[PDB]
Amino acid sequence: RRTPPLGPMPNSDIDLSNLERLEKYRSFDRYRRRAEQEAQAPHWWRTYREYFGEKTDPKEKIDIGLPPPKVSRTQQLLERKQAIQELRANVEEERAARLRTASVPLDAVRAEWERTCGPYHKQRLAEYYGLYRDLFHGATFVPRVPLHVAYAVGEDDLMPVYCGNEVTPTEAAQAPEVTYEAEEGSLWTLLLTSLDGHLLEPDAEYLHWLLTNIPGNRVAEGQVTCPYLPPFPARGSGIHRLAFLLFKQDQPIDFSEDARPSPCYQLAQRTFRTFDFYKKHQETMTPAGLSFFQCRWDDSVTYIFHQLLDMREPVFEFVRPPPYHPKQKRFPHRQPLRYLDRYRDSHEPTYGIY
Amino acid sequence: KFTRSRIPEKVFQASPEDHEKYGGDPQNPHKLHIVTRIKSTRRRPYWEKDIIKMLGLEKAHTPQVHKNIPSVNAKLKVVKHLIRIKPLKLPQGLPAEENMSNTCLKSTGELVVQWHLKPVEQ
Amino acid sequence: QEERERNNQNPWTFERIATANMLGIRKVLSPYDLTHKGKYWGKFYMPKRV
Amino acid sequence: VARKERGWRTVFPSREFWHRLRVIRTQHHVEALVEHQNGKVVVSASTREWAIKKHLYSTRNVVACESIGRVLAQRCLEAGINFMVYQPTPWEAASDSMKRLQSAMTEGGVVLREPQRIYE
Amino acid sequence: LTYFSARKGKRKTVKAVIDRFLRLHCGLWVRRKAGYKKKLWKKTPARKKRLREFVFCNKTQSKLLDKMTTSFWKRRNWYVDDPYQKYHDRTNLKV
Amino acid sequence: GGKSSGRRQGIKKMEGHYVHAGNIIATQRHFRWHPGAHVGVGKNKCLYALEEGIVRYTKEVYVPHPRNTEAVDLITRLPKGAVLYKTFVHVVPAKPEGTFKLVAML
Amino acid sequence: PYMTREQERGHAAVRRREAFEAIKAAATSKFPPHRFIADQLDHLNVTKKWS
Amino acid sequence: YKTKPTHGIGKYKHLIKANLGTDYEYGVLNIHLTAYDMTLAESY
RNA sequence: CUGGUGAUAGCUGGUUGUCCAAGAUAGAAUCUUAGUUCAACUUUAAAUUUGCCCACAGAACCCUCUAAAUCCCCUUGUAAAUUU
RNA sequence: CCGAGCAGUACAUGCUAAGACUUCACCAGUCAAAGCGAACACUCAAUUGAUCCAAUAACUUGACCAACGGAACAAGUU
Ligand SMILES: [K+]
Ligand SMILES: [Mg+2]
Ligand SMILES: [Mg+2]
Ligand SMILES: [Mg+2]
Ligand SMILES: [Mg+2]
Ligand SMILES: [Mg+2]
Ligand SMILES: [Mg+2]
Ligand SMILES: [Mg+2]
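Here goes a summary of the coordinates provided. (Residues numbered from 1 in each chain as written, not as in the entry; some residues may be left out. Chains lettered and ligands numbered in written order. Part of a larger assembly, values for the part shown. Heavy atoms only, no water.)

1. Considerations on the interface of chain F and chain A
Accessible area lost upon the coming together of the parts is a frequently used measure of interface size. Note the threshold: In what follows, residue pairs with any heavy atoms lying within 4.5 Å of each other are defined as contacts. The term buried area means the drop in 1.4 Å probe accessible area that two parts suffer when joined, counted for both and summed. Within this document, salt bridges are pairs made up of a side-chain nitrogen of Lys or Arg and a carboxyl oxygen of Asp or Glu, the two lying within 4 Å of each other. Each helix corresponds to a stretch of at least 4 residues labelled H or I by DSSP, and each strand to a stretch of at least 2 residues labelled E; elements are numbered beginning at the N terminus.
The interface is formed by 41 residues belonging to chain F together with 38 residues belonging to chain A. Overall, the association of chain F and chain A removes approximately 3500 Å² of surface from exposure, summing both partners, and the carbon and sulfur fraction of that is 67%. At the boundary of chain F and chain A, one finds zero salt bridges. Put simply, the parts of the chain that give the side of chain F that touches chain A at least two residues each are β6 (53-61), α1 (69-75), β7 (85-93) and β8 (99-105) of chain F.

Now the structure itself:
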């Protein structure tokens, strides 16, 4: 019995007649590149992506970010080509490149990177950590406004937070310094949330900082709706992630419903949901920047639960499922002597009635 | 080698001439069957013997009612040469609680709910 | 031969019964009989069979 | 403690990793990718962007390959990625352009070998 | 097997079973692997590893050895520092 | 001779079957089924499950290792655009590695 | 067919499951019958006679 | 599997290869490059 | 001739009242194929919970191609099944 | 109808230990995560032989037991 294929065969297009006059791969790299291209296309037969690939919805994720900047491509290309010609005009650059001694300044490259494609890389990077999945239930946005947040450690050093870098709670015991480019007369709203810091509701999140109606770049003048609270990841609970949300306001907004007492050391009031918060403020508020970091447990976390939160610090542990053993049989034929130990509870001798 | 038979799906596709020949209606398929075994399971493969036991068709010439569903029909497509399949007719509708003791199945497939044993006055 | 098959007045044919396993007839038939349709028995060919 | 995709012994490359360094060099440009095992790309570094192109005399020489690693390593630290695997071919590994790219990643603070999974 | 002795009139025990097999009081019989001392130079370490292991017997072989030995070997012993003391009883066994 | 009996080699666990770590999935004389995700291969090309889960068979692109001379020499003579396919068997894990549980309140 | 494959699926799972639970109840209720003291004493009537 | 629609997906032998001069195409030609200098003959 | 001797015999023949119930054809080793042991099958008792039928899906390339099918298997019909 | 009763490379060809396959029984045979210890489950379709016994301080070794599941040792002829 035979069944016709449900679609085109893989190598159906190849002509078997003129096999001698067909160009060959001749190399492993050429076949490898072509092989990967066909592996990324859907097929009517069962594939590895069907069972192990991450399922996605056909509806494309909606964008809630700022409108993209308007740039004249024709003018941009003329200046870009001219600059390269002058760079190649120098006889020293060619010799340095030919002698394999040339190098580029790291600081200058990142300066242009953050302006052209930095926001685009951050959106892809934030998607990997599931920030869009948790905060906005899949909604994405491009961070058109770069956000520079750094925690003050001592008096001379700073701990920059770019995207998910490891930061200890000791460095984050005090409110960081927030700097971002903005025009005068604009209104902003900062927000810091702990997605994984919650101890009771997996879905809910903990509020650690909430500044509203920030005039321009002057963060201090912004209203303190909720006082800053350092992250408190429990010991043995893994690695948590805290995200800085930078909102842009078009008109002044009233946050009386979201107001919290100062200080706010109750976790019930610290409970916060980004999805519901942005849902009722999406009309006149739109996210513009994004920053986040990863935080572990240290000794400073113990001070937060005892003194600040006035509670006992919880300790978690990574528990693995018990090993699988088949149902015990009366006659374990050909099994080794250690068969009976796998089904024994205690290692100490027993005597029954004796 | 003698093995099981795979019936093509084209066999169970009624033509327009068949609907006016047996009195069926493709738009309103019947709900229940009336299967009656008319052939012996002896000298037949063992798998056909089992299906007769599954359907409760042990004794021949004994009507049994089954549901017109693909899973039940799947078993009937294997022992179709041993049974007679007839749709169940309900001129008075489904039997009620007061009609359980007065039902009667006729050879035409109709299940009457008033079996009076009296000649028609008409 | 094709005309004979088309205008045949018998509603029952070897091909129809064999493929549909009517009356359990495949118990006494052959796997090749589903394709021969009764036109070939052993090494002999019967042109009169439709 | 996260499980790695073991297997694929009869094919190339392996899948037993959490992150992988994949370098793509075309006729005119050189690009390096850091991607998770599931296929999602974490960070990227290519010569097609004007930020790197404006300082490169040529985007297809050894200098371009070395400069990609220094920028990519800086982005990996900011992103938080420190361990990744590299699966080159015998001819790519012997190439001078890949040796300098690996040197930049190691000098940039990124380790070219992941720690073993903890089973117990 | 001598079902009735010619002097005492009681069943005898085959000494071939005692010199080869060990009986646990739970009812299991422990034996060695046939060939764990023969031609070890041509056997792989994995094969030799399971040759020097003490294995059990199935339902039929265990019942066979029970009929070939008397009740003296089915008693419960309390040897001091017995390596197999913990194996005389079954734990978490259902049906 | 020729009095040799069959080796009883083939598929031991079919599609959708629940398997545990170490279970043998298929025994084969040659690489009829290639090891996929969470599937190991022994000396005798025996496929065993590396994780507890569900067994799946898929058709995947066969990419030889550069060291393997015979398989690499086969793809160098293929017409451009042709891609080789082979059957792969995967095990989809069902349980996670572990869970975090509260152990004390200090 | 009156119903399709999808419509039919799961439409009898409750009754099928309950029918097997009745099989388990009878299977696991197997036990020796109760032994009464009246039955033992009734055998003394075999020697019952007239005065 | 043979009964499955994806039968023969792994086939590769038909993609691998297993003289008379016609009136329209020359069969076999040998190009002789004779010179006293070995470098030019090898280069040409 | 008596005794050991009721020698032994994988061989031949025989193997006594009534009634009911379940019940047949895979193999392996053997100085073994007129036998026996094990397994399969069959019987009884007991424990337990799934068993059978089976929707898609799934099971290989070769020496070029090619049959009836089979395994697996949710539903559903049914009441068997595994273990001791 | 063609073979096999080996050979080569190792010297962790070390020690342990979940879960499985199994030549239709048994015997025997095969794969193997993790762990310890080191490095940075060898190739090969078959390439083999049980118990007793003997040798040995010990580790280990011993049959064309080829009638190859092998009786410690016995041919003709009526
Ligand atoms: K013999
Ligand atoms: Mg006698
Ligand atoms: Mg009877
Ligand atoms: Mg013999
Ligand atoms: Mg089922
Ligand atoms: Mg077996
Ligand atoms: Mg023999
Ligand atoms: Mg044998």
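2. A look at the protein's contact with RNA strand I
Spelled out, the test is: When we say a residue is near a molecule or strand, we mean one of its heavy atoms is within 4 Å of it. N or O atoms within 3.5 Å of each other form a polar contact, as long as, within protein, one can give a hydrogen and the other can take it, and as long as residues adjacent in sequence are counted only when both atoms are side-chain atoms.
Around RNA strand I sit 51 residues in total, of which A:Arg1, A:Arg2, E:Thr60, H:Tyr1 and H:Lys13 are the nearest. Taking the atoms of RNA strand I that fall within 4 Å of the protein, sugar and phosphate contribute 61% of them. Taking C:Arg26, its side chain carries an N or O atom lying 3.3 Å from a sugar or linking oxygen of RNA strand I. Between RNA strand I and H:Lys11, the relevant distance is 3.4 Å, taken from a phosphate oxygen to a side-chain nitrogen or oxygen of the residue. Where the surface near RNA strand I is concerned, the elements lending two or more residues are β2 (64-67) and α3 (70-76) of chain B, β6 of chain F together with α1 (5-8) and α2 (13-27) of chain G.

3. Description of the sheet that holds strand β4 (residues 177-179) of chain A
All names here are of chain A. Inclusion rule: Being paired, for any two strands, means DSSP has found at least two bridges between them. Fitting a line to C-alpha atoms yields each axis, with helices limited to the stretch in contact; the angle taken between N-to-C directions then spans 0 to 180 degrees.
If you trace the three strands from one edge of the open sheet to the other, you get β2-β1-β4, paired in antiparallel fashion. The sheet is open, and its two edges are formed by β2 (157-161) and β4, each paired on a single side. This sheet shows a mean twist of 30° between the axes of neighbouring strands, independent of strand direction. Relative to β4, strand β1 (residues 148-153) runs antiparallel, the two sharing three bridges. Note that in β4 the partner of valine 149 across the bridge is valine 178.

4. Considerations on the interface of chain E and chain A
What counts here: Each residue gets one of three labels, nonpolar for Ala, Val, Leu, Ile, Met, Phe, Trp, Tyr, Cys and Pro, charged for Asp, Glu, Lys and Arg, and polar for the others, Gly among them.
Facing the 27 residues of chain E at the interface are 20 residues of chain A. For the pair chain E and chain A, the summed buried surface comes to about 2100 Å²; carbon and sulfur atoms form 53% of the total. Of all residues in chain E, the largest losses of buried area upon contact with chain A belong to E:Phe56, E:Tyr87 and E:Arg90, amounting jointly to 27% of the total for that side. Remark: the boundary between chain E and chain A carries one salt bridge. As a salt-bridge pair, E:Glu53 and A:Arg338 come within 3.2 Å of each other at their nearest N and O atoms. Only β2 (29-31), β3 (55-56) and α3 (59-67) of chain E provide two or more residues apiece to the side of chain E that touches chain A. Per-element accounting of the side of chain E that touches chain A gives the leading share, three residues, to α3(E). Across the side of chain E that touches chain A, the residue classes break down as eleven nonpolar, six polar and ten charged.

5. Comments concerning the pattern of salt bridges
Basically, it comes down to this: Note on exposure labels: buried denotes an accessible area under 20% of the residue type's maximum, exposed denotes more than 50%, and partly exposed covers the range between, all computed with a 1.4 Å probe on protein chains only.
Per the counting criterion, the structure on display carries 41 salt bridges over all chains. Among the salt bridges present, the one from A:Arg26 reaches A:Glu23, with a minimum N-O distance of 3.4 Å. Since its relative accessible area comes to 44%, A:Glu23 is described here as partly exposed. We note a salt bridge from A:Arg33 to A:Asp29, for which the minimum N-O separation is 3.7 Å. Note that A:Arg33 and A:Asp29 are positioned in helix α1 (residues 28-39) at a spacing of four residues, about one turn of the helix. Here A:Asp29 falls in the partly exposed class, since its relative accessible area comes to 31%. The network of salt bridges with shared partners includes D:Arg3, D:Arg6, D:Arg117, F:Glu51 and F:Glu97.

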